[PDB]
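Visitor: Can you keep this structure in mind? I'll have questions shortly.
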Amino acid sequence: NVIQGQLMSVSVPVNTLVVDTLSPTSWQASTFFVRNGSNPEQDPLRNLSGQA
Amino acid sequence: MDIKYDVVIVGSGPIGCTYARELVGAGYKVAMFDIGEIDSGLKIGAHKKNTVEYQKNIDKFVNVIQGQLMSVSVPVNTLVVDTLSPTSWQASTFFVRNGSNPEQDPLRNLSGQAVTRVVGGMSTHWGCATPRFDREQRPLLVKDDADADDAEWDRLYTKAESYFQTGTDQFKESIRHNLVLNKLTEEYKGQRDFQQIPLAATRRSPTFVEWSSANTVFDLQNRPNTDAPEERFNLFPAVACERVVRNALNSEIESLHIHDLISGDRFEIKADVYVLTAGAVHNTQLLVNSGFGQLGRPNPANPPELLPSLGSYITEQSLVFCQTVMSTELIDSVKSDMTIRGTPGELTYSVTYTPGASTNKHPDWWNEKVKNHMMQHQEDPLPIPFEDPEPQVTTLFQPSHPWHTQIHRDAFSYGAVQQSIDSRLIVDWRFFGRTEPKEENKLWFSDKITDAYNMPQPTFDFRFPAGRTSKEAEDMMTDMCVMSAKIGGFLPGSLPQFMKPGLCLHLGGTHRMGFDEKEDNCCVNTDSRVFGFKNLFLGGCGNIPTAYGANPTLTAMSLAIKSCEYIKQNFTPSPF
Amino acid sequence: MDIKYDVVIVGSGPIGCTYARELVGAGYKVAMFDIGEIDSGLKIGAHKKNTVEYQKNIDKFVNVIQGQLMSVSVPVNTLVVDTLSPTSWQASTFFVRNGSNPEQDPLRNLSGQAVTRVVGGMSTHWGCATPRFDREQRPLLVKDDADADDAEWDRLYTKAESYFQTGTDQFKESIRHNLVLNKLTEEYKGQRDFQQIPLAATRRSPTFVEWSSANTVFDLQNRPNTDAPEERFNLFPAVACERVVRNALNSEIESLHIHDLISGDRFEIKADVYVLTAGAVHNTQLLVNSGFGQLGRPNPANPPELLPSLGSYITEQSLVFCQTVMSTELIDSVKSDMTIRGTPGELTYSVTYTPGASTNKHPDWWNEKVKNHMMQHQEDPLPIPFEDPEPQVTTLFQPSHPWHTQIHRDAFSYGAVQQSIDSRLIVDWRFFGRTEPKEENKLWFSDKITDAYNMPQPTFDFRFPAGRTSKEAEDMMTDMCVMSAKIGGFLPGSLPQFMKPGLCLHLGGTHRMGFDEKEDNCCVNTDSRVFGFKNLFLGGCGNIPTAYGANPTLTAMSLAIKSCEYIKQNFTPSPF
Amino acid sequence: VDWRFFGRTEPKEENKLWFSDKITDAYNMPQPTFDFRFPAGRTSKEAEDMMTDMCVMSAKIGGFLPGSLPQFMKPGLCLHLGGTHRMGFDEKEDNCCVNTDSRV
Ligand SMILES: *Cc1cc2c(cc1C)nc1c(=O)[nH]c(=O)nc-1n2C[C@H](O)[C@H](O)[C@H](O)COP(=O)(O)OP(=O)(O)OC[C@H]1O[C@@H](n2cnc3c(N)ncnc32)[C@H](O)[C@@H]1O
Ligand SMILES: *Cc1cc2c(cc1C)nc1c(=O)[nH]c(=O)nc-1n2C[C@H](O)[C@H](O)[C@H](O)COP(=O)(O)OP(=O)(O)OC[C@H]1O[C@@H](n2cnc3c(N)ncnc32)[C@H](O)[C@@H]1O
């Protein structure tokens with residue numbers, strides 16, 4: 001837990017995971033927009049995802 | 001097989017079988033085709049739960065359901081796997097893979113929508129709930145005369161309930177059922193009414209229910225036969241129906257084009273009357289494949305010439321689910337009439353009641369089951385008999401609670417930790433919302449991509465409408481949270497949640513009914529006859545044009561019965 | 001139903017059907033009972049995968065399998081749930097709940113063991129692999145004459161393979177199959193041989209295989225009928241067989257006691273010949289319920305009077321599994337014969353080969369499939385055609401690799417992330433170990449606890465034996481890791497692992513065969529006749545007394561064919 | 001017992017760490033971006049041979065622990081990144097950034 005608490009990911013690609021069980025009242029974007037500190041330059045297929 | 005029939009029916013689900021029942025009985029020469037195969041045993045199209053083994057292992061039945069639900073539209077998968085070995089082959093993109101539909105926006109889908117291709121359709125696995133719709137959920141059959149409209153729905157629903165063997169008392173001797181039913185009655189006294197879910201089912205013994213299906217409505221045996229010597233019916237399984245052929249006038253259907261999946265051959269079939277009962281998705285696909293509506297991605301710049309509302313105004317219900325673990329207060333109530341001496345497992349242990357004691361909260365029969373269970377199974381800490389049937393409770397949709405409710409048990413795949421909880425304690429909660437019909441919510445068919453039967457690939461463009469539909473959906477969730485707490489707390493792993501869109505499989509409005517094609521933005525009239533066409537009829541939930549929360553099948557069958565009255569009045573059976 | 005038959009058969013799986021095929025054909029008056037129901041469509045007891053819908057959706061078939069596998073022995077669950085609401089009822093102990101078996105030690109179980117109660121048994125869902133056993137895996141039918149023993153097994157296996165429609169070439173036109181087969185041949189040159197898994201199956205088209213089943217061996221239709229007018233057979237589904245009644249001499253069976261699950265009535269059935277083919281678990285249960293062996297927890301202080309080796313020396317195979325993702329080297333090999341100009345998706349793009357080029361690594365037909373796929377589907381990055389059949393590769397058990405191997409695809413439930421990998425790349429690896437028979441490994445039946453049919457509850461006391469069995473099991477895992485790496489890296493989520501004990505469903509030895517009851521510690525002789533008894537025979541994997549790694553069904557059928565030779569030679573059919 | 005086997009990666013010009021000219025990280029510095037794949041040829045063959053070697057060697061000690069089965073870890077979890085500002089004798093000939101005294 002100490003280790004994980006001090007390893008900050010270098011490059012996180014834009015997340016395209018589909019959540020389709022939100023309530024109909026919840027706000028949602030119509031796209032997978034650059035969110036949550038993701039790096040839009042990053043190809044998720046040519047990454048070092050584990051680099052921190 | 002002959003080339004010419006009086007009536008042809010596409011699909012062998014319960015709605016096709018309603019047509020078959022009515023029309024074979026009226027003496028028409030009838031053919032029914034189904035793309036799927038016979039696989040329910042000797043009773044063709046019967047419910048798969050009606051085996052002794054599923055009645056003793058009911059949770060295994062989830063697997064039967066899942067094994068015959070094939071996803072309608074799966075978007076291209078973009079999940080990153082970055083722990084492959086460096087030697088494994090990988091593409092540089094998320095390419096169209098594994099039967100995914102590239103037309104599909106993963107954010108405007110009914111991901112949970114699925115279809116069943118087997119003789120008897122989805123009625124080989126369904127839950128058999130058959131409530132009537134109240135006025136608010138129901139389309140008009142009579143204009144400007146509410147009493148006359150009620151009377152007509154009553155006549156039709158009554159017949160439909162006979163065809164399905166609908167009843168409301170098959171679970172009346174269940175302790176668990178009565179425990180839930182009574183508590184909720186008491187808690188909502190003067191606010192809401194609770195009753196048994198109306199269920200298409202006949203109890204055969206205390207541990208066996210014969211669930212109804214297509215086979216209950218019509219047995220699907222070829223005729224003439226010894227029991228029906230003057231009737232004429234043939235069922236042709238493993239036949240993909242691909243198109244109905246319109247005359248140039250667009251006034252009549254001239255043939256049905258089929259593909260025999262066993263021989264591989266294609267044929268045309270001729271009939272006086274053509275009935276499409278392939279389900280809400282597949283009726284639409286067949287029509288669009290026959291030049292109704294618009295093939296391809298919607299294009300308003302280019303409105304279709306025939307049935308422009310086809311595939312628009314589609315509705316699916318919102319669904320919320322949880323499970324509860326029965327409260328201590330309620331379990332203790334079960335044994336309230338009992339005197340208990342000594343300690344379980346010893347010789348002096350005694351559980352007794354006074355039959356007829358005026359202070360008894362329960363009938364003698366309930367108390368006998370409980371005493372006997374507690375004295376026979378002294379290692380068991382619960383007062384509920386092991387073979388006690390499940391709860392089957394509803395409060396039906398009303399204006400002040402505009403959702404359908406099922407408080408019940410059906411087959412479920414309990415994870416390992418959930419298996420730690422005694423099943424007698426667990427109750428499932430499913431609340432179903434009504435969805436406003438909106439032109440923008442569409443089922444359409446690709447002009448380039450094809451499905452597994454080489455038909456135009458279905459694609460959804462759906463979102464739950466803003467406004468009432470969404471407010472009610474969230475109010476429904478809150479209502480399940482409030483109501484469920486009266487019975488027990490949530491079961492870990494089955495916490496309150498929205499189910500993926502379309503999992504409820506109550507899709508409607510894809511080929512909707514109304515009085516007037518333009519004014520009511522619809523495809524069929526109140527006899528389920530396709531506007532413009534003399535001899536084409538559509539059956540099923542696709543016909544329902546309203547926002548409904550209740551399970552739609554009974555309502556669809558009712559419309560089918562009306563549709564067959566029109567047929568009997570307007571087409572003469574051939575001589576035998 | 002009559003009261004008297006020439007032969008009665010308990011169970012309608014493939015082994016019962018072998019008896020039925022041989023004995024109905026020999027003119028005996030035959031009854032077969034099965035506790036399960038007809039549910040494979042019109043072809044009674046046929047494989048459930050032989051529908052068009054499962055052949056287009058093969059992964060859905062896992063659900064069919066899981067829906068008909070009922071766990072034999074589930075220990076009491078001790079999983080702690082401590083996130084219930086304080087209002088929910090809870091016991092203060094982990095009490096016997098949810099059909100758990102309190103006799104069962106969770107640490108000496110076959111947790112993965114399960115049974116199938118349906119007409120046709122497990123052959124309605126099985127994988128159809130039918131290898132022969134080599135000498136090392138195989139029991140003796142002839143003593144002190146190895147060549148004579150080989151000759152006898154050859155005669156019997158050859159007939160069994162005819163009954164099952166066993167073949168080794170149904171997958172020969174698969175690119176994927178040949179890609180795997182060839183690579184592994186090359187890598188083990190001079191060390192091991194690879195071939196197609198022998199499969200009970202007939203190819204009907206490039207996209208449809210008719211998998212064999214009980215129905216292939218015998219069609220299970222009542223006789224006399226139009227095709228077999230001088231034969232006599234009745235199948236009675238939904239009949240629980242409970243006991244065979246021994247004479248006081250313990251020299252003959254006098255009746256079969258049955259329970260009709262539909263009427264609820266119990267009857268006795270009389271026959272000259274009694275054949276038990278209910279599976280390895282249920283044959284044992286029936287025998288113990290009839291006073292063979294010992295009911296209750298083993299007690300050596302009190303050895304049974306009849307068949308003291310019944311339920312001892314049980315064997316189940318160890319099973320290791322993984323999936324791979326095909327290597328880049330191998331995928332590129334597929335298109336080695338191709339010249340490629342331009343870029344995919346453009347007008348100039350060209351994929352060509354020179355038919356007959358001496359430097360071609362592949363036959364023209366392979367290259368035609370590949371060229372056509374690459375030119376027709378230029379958005380697809382793989383050279384393998386979409387409808388290419390699966391790999392079906394084996395290297396059969398040998399002394400230097402004493403395990404059976406299947407390098408293949410069968411129905412599988414891929415998780416969401418796994419669905420991200422193109423299915424054409426994925427290969428399943430299943431290696432099966434042989435288990436030394438040990439007296440201490442037992443299937444026994446409770447004297448107090450009962451199962452869902454009110455029969456004595458089965459309980460296992462099993463561990464994989466120390467010594468060779470365990471060393472080989474781990475060497476097998478290492479061998480799969482080494483061999484699989486030649487084809488590709490592991491698929492995340494399907495990494496190398498031991499499967500729970502008994503999931504392979506290859507249980508043997510529960511009612512084992514040998515020459516001499518005491519010296520060979522066994523229950524039946526080489527005609528599958530129960531020692532002491534003139535007219536009682538047992539069929540199935542329970543008969544196999546050796547340590548085997550290969551799939552046992554073909555071997556069991558072979559023994560059944562020998563058993564019927566004895567019957568035909570020793571019992572006269574009644575006159576018709 | 002834990003088993004961790006670590007492979008060597010061939011240095012390839014095409015494998016890059018670069019920095020965005022538009023996107024910034026949490027300290028307002030140019031956002032790092034990788035363009036990496038394990039090189040074809042030796043690096044990838046050895047990586048798979050390494051996996052097989054761990055499977056073979058580990059079996060001498062015991063069987064795998066369920067839930068910790070043999071697997072490749074996500075790229076870069078080992079945190080042994082090298083070569084981003086690599087050393088050599090001659091800047092052009094050795095394609096490098098610092099000399100053997102680590103001087104730029
Ligand atoms: C699956 C499901 C269904 C369900 C249920 C629970 C589950 C898990 N619970 C419900 C319940 O409690 N109450 C109820 O009212 N609905 C519930 N359902 C849904 C219900 O089963 C369906 O509404 C009902 O069966 C619909 O009936 P219908 O006759 O309209 O349609 P179907 O059963 O899908 O049968 C259609 C058939 O047509 C075939 N087919 C499809 N395409 C073709 C082509 N091209 N050619 C020839 N035949 C075609 C099918 O194979 C099928 O049998
Ligand atoms: C389930 C399974 C099976 C399997 C397979 C894969 C799966 C997922 N893959 C295998 C394969 O590739 N090759 C092979 O050799 N084996 C494979 N199998 C196993 C195979 O199906 C079984 O070995 C085979 O079917 C055994 O045949 P048998 O005829 O001995 O037994 P059965 O099929 O279990 O049928 C027994 C029947 O008897 C009934 N029954 C049980 N108890 C009673 C009582 N008391 N009274 C009357 N009937 C009884 C059953 O209901 C059943 O049909």
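The chains in the structure tokens are called A, B, ... from first to last as shown; in each chain the residues are counted from 1, and the ligands are counted from 1 in the order shown.
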Write out as a PDB file with N, CA and C atoms, in the first residue's frame the residues lying within 10 Å of residue 115 of chain B, counting only C-alpha atoms and excluding same-chain residues fewer than 4 positions away.

Guide:
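Everything below was put into result-v4.pdb:
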ATOM      1  N   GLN B  68     -30.030 -19.284 -24.842  1.00  0.00           N
ATOM      2  CA  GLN B  68     -30.877 -18.997 -25.992  1.00  0.00           C
ATOM      3  C   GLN B  68     -31.220 -17.509 -26.164  1.00  0.00           C
ATOM      4  N   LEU B  69     -30.420 -16.642 -25.554  1.00  0.00           N
ATOM      5  CA  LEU B  69     -30.547 -15.219 -25.769  1.00  0.00           C
ATOM      6  C   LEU B  69     -29.356 -14.698 -26.533  1.00  0.00           C
ATOM      7  N   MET B  70     -29.545 -14.333 -27.788  1.00  0.00           N
ATOM      8  CA  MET B  70     -28.471 -13.939 -28.641  1.00  0.00           C
ATOM      9  C   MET B  70     -28.536 -12.400 -28.812  1.00  0.00           C
ATOM     10  N   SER B  71     -27.464 -11.684 -28.456  1.00  0.00           N
ATOM     11  CA  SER B  71     -27.447 -10.239 -28.439  1.00  0.00           C
ATOM     12  C   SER B  71     -27.753  -9.644 -29.793  1.00  0.00           C
ATOM     13  N   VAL B  72     -28.662  -8.705 -29.833  1.00  0.00           N
ATOM     14  CA  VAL B  72     -29.031  -8.092 -31.108  1.00  0.00           C
ATOM     15  C   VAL B  72     -27.957  -7.263 -31.711  1.00  0.00           C
ATOM     16  N   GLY B 121     -40.432 -19.778 -29.398  1.00  0.00           N
ATOM     17  CA  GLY B 121     -39.785 -18.505 -29.051  1.00  0.00           C
ATOM     18  C   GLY B 121     -39.342 -18.339 -27.618  1.00  0.00           C
ATOM     19  N   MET B 122     -39.521 -17.121 -27.140  1.00  0.00           N
ATOM     20  CA  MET B 122     -39.149 -16.775 -25.801  1.00  0.00           C
ATOM     21  C   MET B 122     -40.071 -17.362 -24.778  1.00  0.00           C
ATOM     22  N   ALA B 278     -42.601 -12.550 -35.645  1.00  0.00           N
ATOM     23  CA  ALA B 278     -41.206 -12.971 -35.503  1.00  0.00           C
ATOM     24  C   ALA B 278     -40.499 -12.292 -34.346  1.00  0.00           C
ATOM     25  N   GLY B 279     -41.273 -11.556 -33.528  1.00  0.00           N
ATOM     26  CA  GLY B 279     -40.744 -10.628 -32.526  1.00  0.00           C
ATOM     27  C   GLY B 279     -40.583  -9.201 -32.957  1.00  0.00           C
ATOM     28  N   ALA B 280     -40.447  -8.328 -31.976  1.00  0.00           N
ATOM     29  CA  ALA B 280     -40.390  -6.908 -32.243  1.00  0.00           C
ATOM     30  C   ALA B 280     -39.188  -6.526 -33.095  1.00  0.00           C
ATOM     31  N   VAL B 281     -38.059  -7.237 -32.982  1.00  0.00           N
ATOM     32  CA  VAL B 281     -36.882  -6.899 -33.752  1.00  0.00           C
ATOM     33  C   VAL B 281     -37.047  -7.505 -35.132  1.00  0.00           C
ATOM     34  N   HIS B 282     -37.400  -8.776 -35.160  1.00  0.00           N
ATOM     35  CA  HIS B 282     -37.347  -9.463 -36.421  1.00  0.00           C
ATOM     36  C   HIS B 282     -38.498  -9.206 -37.324  1.00  0.00           C
ATOM     37  N   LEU B 505     -36.241  -7.138 -22.029  1.00  0.00           N
ATOM     38  CA  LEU B 505     -36.824  -7.794 -23.214  1.00  0.00           C
ATOM     39  C   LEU B 505     -38.316  -7.479 -23.324  1.00  0.00           C
TER      40      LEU B 505
END

Visitor: Name all residues at most 7 Å from residue 522 of chain B (count only C-alpha atoms; drop same-chain ones fewer than 3 positions away) and give them as a count of residues only.

Guide: 7

Visitor: Near residue 569 of chain B, counting only C-alpha atoms, which residues have an atom at most 12 Å away, once you skip same-chain residues fewer than 4 positions from it, shown as a PDB file with C-alpha atoms, in the first residue's frame?

Guide:
ATOM      1  CA  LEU B  23     -57.233 -19.661 -37.512  1.00  0.00           C
ATOM      2  CA  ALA B  26     -61.688 -21.618 -37.866  1.00  0.00           C
ATOM      3  CA  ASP B 527     -56.913  -5.012 -36.485  1.00  0.00           C
ATOM      4  CA  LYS B 562     -58.794  -8.970 -32.354  1.00  0.00           C
ATOM      5  CA  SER B 563     -56.725  -9.282 -35.501  1.00  0.00           C
ATOM      6  CA  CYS B 564     -57.969 -12.823 -36.059  1.00  0.00           C
ATOM      7  CA  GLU B 565     -61.587 -11.654 -35.731  1.00  0.00           C
ATOM      8  CA  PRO B 573     -61.041 -20.853 -45.726  1.00  0.00           C
TER       9      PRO B 573
END

Visitor: Using only C-alpha atoms and a cut-off of 6 Å, which residues of chain C sit close to chain B? Please list them as a ChimeraX atom specification.

Guide: /C:38-41,60,63-64,67,77,79,85,87-89,97,325-328,417,420,422,488-489

Visitor: Would you please give, as a PyMOL selection string, all residues of segment 4-49 of chain D that DSSP assigns to helix (DSSP H, G or I) based on the backbone?

Guide: chain D and resi 42-49

Visitor: What would the file look like if the residues just selected were written as a short mmCIF file (atom, residue, chain, number, x, y, z; two decimals), in the first residue's frame with N, CA, C and O atoms?

Guide:
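See out.cif below for the written result:
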data_model
loop_
_atom_site.label_atom_id
_atom_site.label_comp_id
_atom_site.auth_asym_id
_atom_site.auth_seq_id
_atom_site.Cartn_x
_atom_site.Cartn_y
_atom_site.Cartn_z
N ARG D 42 14.57 -10.97 -31.29
CA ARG D 42 15.14 -11.60 -30.11
C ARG D 42 14.34 -11.22 -28.87
O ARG D 42 14.09 -12.07 -28.02
N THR D 43 13.99 -9.94 -28.73
CA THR D 43 13.35 -9.50 -27.49
C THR D 43 12.10 -10.28 -27.25
O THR D 43 11.86 -10.71 -26.15
N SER D 44 11.32 -10.51 -28.29
CA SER D 44 10.04 -11.18 -28.10
C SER D 44 10.17 -12.65 -27.95
O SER D 44 9.51 -13.22 -27.09
N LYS D 45 11.04 -13.26 -28.75
CA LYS D 45 11.34 -14.70 -28.55
C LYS D 45 11.84 -14.99 -27.15
O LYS D 45 11.36 -15.95 -26.51
N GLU D 46 12.82 -14.19 -26.69
CA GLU D 46 13.35 -14.38 -25.30
C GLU D 46 12.29 -14.17 -24.21
O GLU D 46 12.27 -14.92 -23.24
N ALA D 47 11.43 -13.19 -24.38
CA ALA D 47 10.33 -12.95 -23.45
C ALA D 47 9.45 -14.20 -23.32
O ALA D 47 9.14 -14.62 -22.22
N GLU D 48 9.11 -14.83 -24.40
CA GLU D 48 8.28 -16.00 -24.29
C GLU D 48 9.08 -17.17 -23.73
O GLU D 48 8.56 -17.98 -22.96
N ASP D 49 10.34 -17.32 -24.14
CA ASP D 49 11.21 -18.37 -23.58
C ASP D 49 11.40 -18.18 -22.06
O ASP D 49 11.48 -19.16 -21.33
#

Visitor: From a DSSP pass on the backbone, collect the residues of chain D flagged as strand (DSSP E) and hand them back as a list in words.

Guide: residues 16, 17, 18, 19, 20, 21, 22, 23, 24, 30, 31, 32, 33, 34 and 35 of chain D

Visitor: Do a neighbour search on residue 15 of chain A at 8 Å with only C-alpha atoms, toss out local chain neighbours closer than 6 positions, and write the hits as a PyMOL selection string.

Guide: chain A and resi 32+35+38

Visitor: Since we have the selection now, will you write its residues out, keeping N, CA and C atoms, as a PDB file, in the first residue's frame?

Guide:
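Contents of result_18.pdb, as written:
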ATOM      1  N   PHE A  32     -16.493   9.733 -25.450  1.00  0.00           N
ATOM      2  CA  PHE A  32     -15.425   9.475 -24.483  1.00  0.00           C
ATOM      3  C   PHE A  32     -14.402  10.547 -24.568  1.00  0.00           C
ATOM      4  N   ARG A  35     -10.821  12.965 -19.959  1.00  0.00           N
ATOM      5  CA  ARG A  35     -11.421  12.944 -18.613  1.00  0.00           C
ATOM      6  C   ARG A  35     -10.281  12.521 -17.627  1.00  0.00           C
ATOM      7  N   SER A  38      -6.412  11.854 -18.124  1.00  0.00           N
ATOM      8  CA  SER A  38      -5.927  11.068 -19.234  1.00  0.00           C
ATOM      9  C   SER A  38      -5.191  11.955 -20.240  1.00  0.00           C
TER      10      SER A  38
END

Visitor: Neighbours of segment 79-84 of chain D within 10 Å (only C-alpha atoms; same-chain residues fewer than 6 positions away dropped), as a list in words?

Guide: residues 48, 50, 51 and 52 of chain A; 6, 9, 11, 12, 15, 16, 17, 18, 96 and 97 of chain D

Visitor: Of the candidates A:14, A:8, A:29, A:2, which shows the shortest atom-to-atom distance to residue 45 of chain A, using only C-alpha atoms?

Guide: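 Between A:14, A:8, A:29, A:2, the residue approaching residue 45 of chain A most closely is A:14.
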
Visitor: So how far away is atom CA of residue 197 of chain C from atom CA of residue 394 of chain C, in Å?

Guide: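 Atom CA of residue 197 of chain C lies 5.2 Å from atom CA of residue 394 of chain C.
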
Visitor: Fewer than 2 positions away in the same chain doesn't count, so skip those; otherwise give me all residues within 8 Å of residue 221 of chain B, counting only C-alpha atoms, as a PDB file with N, CA, C and O atoms, in the first residue's frame.

Guide:
ATOM      1  N   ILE B  44     -44.338 -29.727 -28.222  1.00  0.00           N
ATOM      2  CA  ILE B  44     -43.639 -28.799 -29.101  1.00  0.00           C
ATOM      3  C   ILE B  44     -43.913 -27.386 -28.630  1.00  0.00           C
ATOM      4  O   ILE B  44     -45.059 -27.032 -28.455  1.00  0.00           O
ATOM      5  N   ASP B 219     -50.935 -26.472 -29.530  1.00  0.00           N
ATOM      6  CA  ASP B 219     -49.945 -27.544 -29.342  1.00  0.00           C
ATOM      7  C   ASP B 219     -48.928 -27.782 -30.453  1.00  0.00           C
ATOM      8  O   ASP B 219     -47.994 -28.534 -30.243  1.00  0.00           O
ATOM      9  N   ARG B 223     -51.636 -31.014 -38.378  1.00  0.00           N
ATOM     10  CA  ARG B 223     -53.016 -31.483 -38.566  1.00  0.00           C
ATOM     11  C   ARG B 223     -53.305 -31.648 -40.035  1.00  0.00           C
ATOM     12  O   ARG B 223     -52.799 -30.923 -40.812  1.00  0.00           O
ATOM     13  N   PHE B 233     -52.884 -27.813 -40.405  1.00  0.00           N
ATOM     14  CA  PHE B 233     -51.727 -27.054 -39.969  1.00  0.00           C
ATOM     15  C   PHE B 233     -50.430 -27.812 -40.208  1.00  0.00           C
ATOM     16  O   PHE B 233     -50.322 -29.051 -39.941  1.00  0.00           O
ATOM     17  N   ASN B 234     -49.439 -27.069 -40.689  1.00  0.00           N
ATOM     18  CA  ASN B 234     -48.065 -27.540 -40.753  1.00  0.00           C
ATOM     19  C   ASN B 234     -47.088 -26.563 -40.174  1.00  0.00           C
ATOM     20  O   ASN B 234     -47.159 -25.399 -40.436  1.00  0.00           O
ATOM     21  N   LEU B 235     -46.196 -27.067 -39.327  1.00  0.00           N
ATOM     22  CA  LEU B 235     -45.114 -26.325 -38.837  1.00  0.00           C
ATOM     23  C   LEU B 235     -43.838 -26.753 -39.519  1.00  0.00           C
ATOM     24  O   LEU B 235     -43.598 -27.937 -39.698  1.00  0.00           O
TER      25      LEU B 235
END

Visitor: Could you please tell me, as a PyMOL selection string, which residues of chain A have an atom within 12 Å of chain B when using only C-alpha atoms?

Guide: chain A and resi 12-32+43-50

Visitor: Could you check the closest approach to residue 2 of chain D for each of D:77, D:100, D:89, D:54 and tell me which residue wins, using only C-alpha atoms?

Guide: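 The answer is D:54, which sits nearest to residue 2 of chain D.
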
Visitor: Tell me, in Å to one decimal, how far atom CA of residue 251 of chain C is from atom CA of residue 18 of chain C.

Guide: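 Atom CA of residue 18 of chain C lies at a distance of 25.1 Å from atom CA of residue 251 of chain C.
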
Visitor: Give one line per residue of chain D that approaches chain C to at most 8 Å, naming the two atoms of the closest pair and their distance in Å to one decimal, counting only C-alpha atoms; sort by chain then ascending residue number and deliver it as JSON lines.

Guide:
{"residue": "D:48", "atom": "CA", "partner": "C:489", "partner_atom": "CA", "distance": 7.0}
{"residue": "D:49", "atom": "CA", "partner": "C:485", "partner_atom": "CA", "distance": 7.9}
{"residue": "D:52", "atom": "CA", "partner": "C:482", "partner_atom": "CA", "distance": 5.9}
{"residue": "D:55", "atom": "CA", "partner": "C:478", "partner_atom": "CA", "distance": 6.3}
{"residue": "D:56", "atom": "CA", "partner": "C:478", "partner_atom": "CA", "distance": 5.9}
{"residue": "D:59", "atom": "CA", "partner": "C:478", "partner_atom": "CA", "distance": 7.0}
{"residue": "D:63", "atom": "CA", "partner": "C:474", "partner_atom": "CA", "distance": 7.0}
{"residue": "D:64", "atom": "CA", "partner": "C:497", "partner_atom": "CA", "distance": 7.6}
{"residue": "D:66", "atom": "CA", "partner": "C:497", "partner_atom": "CA", "distance": 7.4}
{"residue": "D:69", "atom": "CA", "partner": "C:495", "partner_atom": "CA", "distance": 6.3}
{"residue": "D:70", "atom": "CA", "partner": "C:495", "partner_atom": "CA", "distance": 6.5}
{"residue": "D:71", "atom": "CA", "partner": "C:495", "partner_atom": "CA", "distance": 7.1}

Visitor: Using only C-alpha atoms and all ligand atoms, can you tell me which of B:242, B:147, B:305, B:265 comes closest to ligand 1?

Guide: B:242

Visitor: Go through chain D and flag each residue having an atom no more than 7 Å from chain A; for those, report the closest pair of atoms plus their distance in Å to one decimal, using only C-alpha atoms, ordered by chain and rising number, as CSV.

Guide:
residue,atom,partner,partner_atom,distance
D:32,CA,A:11,CA,6.4
D:33,CA,A:42,CA,5.7
D:34,CA,A:47,CA,5.3
D:35,CA,A:46,CA,5.1
D:36,CA,A:46,CA,4.9
D:37,CA,A:46,CA,5.8
D:74,CA,A:50,CA,5.5
D:75,CA,A:48,CA,4.7
D:76,CA,A:50,CA,4.4
D:77,CA,A:50,CA,4.1
D:79,CA,A:51,CA,6.1
